Number of protein chains: 2
Amino acid sequence: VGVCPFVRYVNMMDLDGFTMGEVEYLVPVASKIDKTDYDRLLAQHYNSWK
Amino acid sequence: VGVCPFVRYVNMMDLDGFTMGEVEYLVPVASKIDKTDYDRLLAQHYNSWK
């Protein structure tokens, strides 16, 4: 081929080299939503009836 | 035929080989809805009247 035959598809262009993906960038928010849903599930599983 | 006569219909294209279906991908959410309905059924079957 003449060079390494691999071409890289970069998600975000950055001068610092940080190849950032949409998943690891938003982990805390998704985990926060999951924790809120878990709290609601616990509330309706343990404290939902008189 | 010349090759194996089967052609595969992939639901999701992935470079990691994960053939993901719409059912097993959304099991937790459907089970969550079912559990909420079950909680409501228990509430109206045991704690619905004075």
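Residues numbered from 1 in each chain as written, not as in the entry; some residues may be left out. Chains lettered and ligands numbered in written order. Part of a larger assembly, values for the part shown. Heavy atoms only, no water.

- As recorded in the entry header, the structure was determined using cryo-EM to a resolution of 3.74 Å.

- The PDB entry annotates chain A as Portal Protein (gp5) originating from Mycolicibacterium smegmatis MC2 155.
- The title given for this PDB entry is "Cryo-EM structure of Mycobacteriophage Douge genome-packed connector (gp5, gp9, gp10, gp12 and gp13)".

**With respect to the pattern of salt bridges**
Residue and element names in this part refer to chain A.
Phase 1 of the analysis: Considering all chains together, one arrives at 3 salt bridges over all chains under this definition.
Phase 2 of the analysis: With a closest N to O distance of 2.3 Å, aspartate 39 and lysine 35 form a salt bridge. Here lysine 35 and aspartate 39 lie together in helix α1 (residues 27-46), a separation of 4 residues that amounts to about one turn.
Phase 3 of the analysis: Given the relative accessible area of 36%, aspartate 39 is considered partly exposed. (Salt bridge = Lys/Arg side-chain N within 4 Å of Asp/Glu carboxyl O. Helix = DSSP H or I, 4+ residues; strand = E, 2+ residues; numbered from the N terminus. Buried < 20%, exposed > 50% of the residue type's maximum accessible area, 1.4 Å probe, protein only.)

**A look at the interface of chain B and chain A**
Phase 1 of the analysis: At the interface, 5 residues of chain B touch 7 residues of chain A.
Phase 2 of the analysis: Together chain B and chain A conceal approximately 520 Å² of surface at their shared face, both sides included; 52% is due to carbon and sulfur atoms.
Phase 3 of the analysis: On the chain B side of the contact with chain A, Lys32, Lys35 and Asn47 of chain B bury the most area, a combined 69% of that side's loss.
Phase 4 of the analysis: At the boundary of chain B with chain A, the tally comes to 1 salt bridge.
Phase 5 of the analysis: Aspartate 37 of chain A is the partner of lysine 32 of chain B in a salt bridge, and the nearest nitrogen-oxygen pair spans 3.7 Å.
Phase 6 of the analysis: At the junction of chain B with chain A, the criterion picks out 2 residue pairs in polar contact.
Phase 7 of the analysis: Here the residues of the side of chain B that touches chain A sort into no nonpolar, 2 polar and 3 charged. (Contact = heavy atoms within 4.5 Å. Buried area = accessible area lost by both parts, 1.4 Å probe. Polar contact = N/O pair within 3.5 Å; in protein donor to acceptor, adjacent residues only side chain to side chain. Nonpolar A, V, L, I, M, F, W, Y, C, P; charged D, E, K, R; others polar.)

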